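Asks: One structure is given below, represented as structure tokens, and several questions about it will come after.
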Amino acid sequence: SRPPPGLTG
Amino acid sequence: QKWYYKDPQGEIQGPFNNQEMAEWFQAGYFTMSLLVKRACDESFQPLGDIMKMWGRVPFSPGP
């Protein structure tokens, strides 16, 4: 599942 | 049903659908300071202000 664009985790 | 948020640099990301937002929210990526809005909303709001005003965020799923 991709992370949110512009956020990394 | 078109969600946007600001990233930490202020760049506007999106649009994303309800399910994508709900997944990221449940996964823990979003603090309650994240600024979000739909194209149809008046202004960006932090998630925490939405929670205080409505008791929920609109993209949260349920019955």
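Heads up: the protein sequence lines correspond to chains B and A, in order. Just so you know, we're using the deposited numbering here: the first sequence kicks off at 1478 and counts up by one. Just so you know, we're using the deposited numbering here: the second sequence kicks off at 534 and counts up by one. We put the beta carbon where it would ideally sit given N, CA and C, even for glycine.
1. Given a cut-off of 8 Å, decide if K539 (chain A) and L568 (chain A) are closer than it, judged by their beta-carbon atoms.
2. Listing by chain order, which chain B residues have their CB less than 9 Å from the CB of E575 (chain A)?
3. Kindly indicate if chain B contains any beta-carbon less than 8 Å away from that of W587 (chain A).
4. Taking a cut of 7 Å between CB atoms, which residues from the segment 550–572 of chain A lie near chain B?
5. Answer with yes or no whether the minimum CB distance from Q578 (chain A) to chain B is below 8 Å.
Replies: According to the structure data:
1. yes
2. Those do not exist, as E575 (chain A) stays about 23 Å from chain B at its closest Cβ, beyond 9 Å.
3. no
4. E556, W557 and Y562
5. no
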